[PDB]
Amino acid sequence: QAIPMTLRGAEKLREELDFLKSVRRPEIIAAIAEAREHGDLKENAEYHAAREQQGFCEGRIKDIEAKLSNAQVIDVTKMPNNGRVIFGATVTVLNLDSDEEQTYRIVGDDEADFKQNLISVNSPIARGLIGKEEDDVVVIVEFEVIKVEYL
């Protein structure tokens, strides 16, 4: 139960925990202190919006602590490039049919953002590539792993 997470991604998680803990949390409690000066809490809109945000953002905190409590932080920059796809690598794949060439970065779930070509290890494309190496054609259809870079 060690949970793989890249350095970029973990620094991004740790970044966040601070802003939420150090900037937003206070801001939210001052917002609540404030609307409390107006009593009638039941119908206090600014109070309910502030309390809403408190749950919203505190859950994100409880989450990041856990996430980071479980992490296995991988830095692929420190390993000799074998040409084999590992978790954290950057992979150029070529769709042998359409001839569609894309480069992706295999990452953990909190860091995953496929729209930004950052693919969660728990995805069909990461899965078909993980363990392959440049040249390996993989019938996941078929894509060719054009280049493996540890960045």
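Heads up: residue numbers just count along the shown sequence, starting at 1.
According to the PDB entry, the deposited sequence contains 4 to 9 residues between residue 140 and residue 141 that lack coordinates. Annotation for 122-130 versus 103-111: the higher mean temperature factor (C-alpha) is found in 122-130. Two stretches are in play, 112-120 and 89-97, and the higher mean C-alpha B-factor belongs to 89-97. Annotation for residue 37: C-alpha temperature factor in the lowest third relative to the rest of the modelled chain, per the entry. Per the PDB record, residue ranking by Cα B-factor puts residue 151 in the lowest third of the chain. The PDB entry assigns residue 28 a C-alpha temperature factor belonging to the middle third of its chain's modelled residues. In the PDB entry, a CA B factor belonging to the lowest third of its chain's modelled residues is recorded for residue 49.
In the PDB entry, a CA B factor belonging to the middle third of its chain's modelled residues is recorded for residue 73.
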